[PDB]
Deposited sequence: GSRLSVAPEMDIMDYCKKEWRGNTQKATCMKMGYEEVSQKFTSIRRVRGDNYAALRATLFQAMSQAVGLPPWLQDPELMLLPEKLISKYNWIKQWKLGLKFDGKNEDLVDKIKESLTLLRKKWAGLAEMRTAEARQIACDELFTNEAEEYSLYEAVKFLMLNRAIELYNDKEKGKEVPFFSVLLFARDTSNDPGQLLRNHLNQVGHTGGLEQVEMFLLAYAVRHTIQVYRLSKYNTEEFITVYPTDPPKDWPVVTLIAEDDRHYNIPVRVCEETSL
């Protein structure tokens, strides 16, 4: 079974999921129509708390024509030892061996798969192969662990950068202003560890995800339909050479995948 469902027509899906006359259902329909203008299909993403990572990462890897420089950098493979040695408190995490080997294994898996998809004869082969990648819960969750680690590292970099007074994206300031998220340690303990288990990602943390995988995340928020927030971008002012992935969030409680070019 795939964690990313086979595509079905977007308005057929809409009609299936929203019936009954309520302003909510209407808003959902209007939003879905607006999306249906630029995208033909929709793929339901699994609703385990990994959903944000699943959608963003699937979208990013399925269209990946080349290995990003940051993923190619071998220094990255030395990151877990370097980081964990410096900050002990990182030793609190979740699912003989240890955290360093786990994170390194995961990062290696990420780079290996991404690179594999990147070098393939045809785009079609890449799409099918990426579909084959999200079937098995194991490799997939390994990837998500890797992504979470990247989020943590980037967060630490932002905190350190702020403390010495360097210029930082404002979302970092807002992120650490949370009583539960005051420091990277508190971020890990009260937020990241619950990601995939007891809770998803807050909007402020979507910025962190974007910075982590260095992809621009475009989200259609249907509840935001007639407002200026209908299309919301993480981050607000993205680097120009970053790829753009697109997500759909009905009521901000979950993410699915809109599709245009399919098999």
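Mapping the modelled residues onto the deposited sequence reveals missing stretches at 1-2, 98-104, 273-276.
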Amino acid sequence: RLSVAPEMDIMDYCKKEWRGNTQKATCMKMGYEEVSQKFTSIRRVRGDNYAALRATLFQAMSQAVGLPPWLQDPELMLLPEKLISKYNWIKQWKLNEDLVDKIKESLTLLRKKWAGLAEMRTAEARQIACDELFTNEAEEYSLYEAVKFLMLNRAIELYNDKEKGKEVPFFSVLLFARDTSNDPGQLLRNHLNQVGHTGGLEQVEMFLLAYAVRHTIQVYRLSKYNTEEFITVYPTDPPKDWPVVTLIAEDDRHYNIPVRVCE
From here on, numbers count along this sequence of modelled residues.
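Averaged over Cα atoms, the B-factor as recorded in the entry is higher for 160-168 than for the other of 104-112 and 160-168.
If you average the C-alpha B-factors over 85-93 and over 118-126, the higher value belongs to 85-93. Annotation for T26, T236, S41, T56: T236 ranks highest, by Cα B-factor.
Placement of the Cα temperature factor of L78 within the chain: highest third of the modelled residues, per the deposited record. In this PDB entry, the Cα temperature factor of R46 sits in the bottom third of its chain's modelled residues, the lowest group. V147: CA B factor in the lowest third of modelled residues in this chain (values from the PDB entry). Among all modelled residues in its chain, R221 ranks in the lowest third by Cα B-factor.
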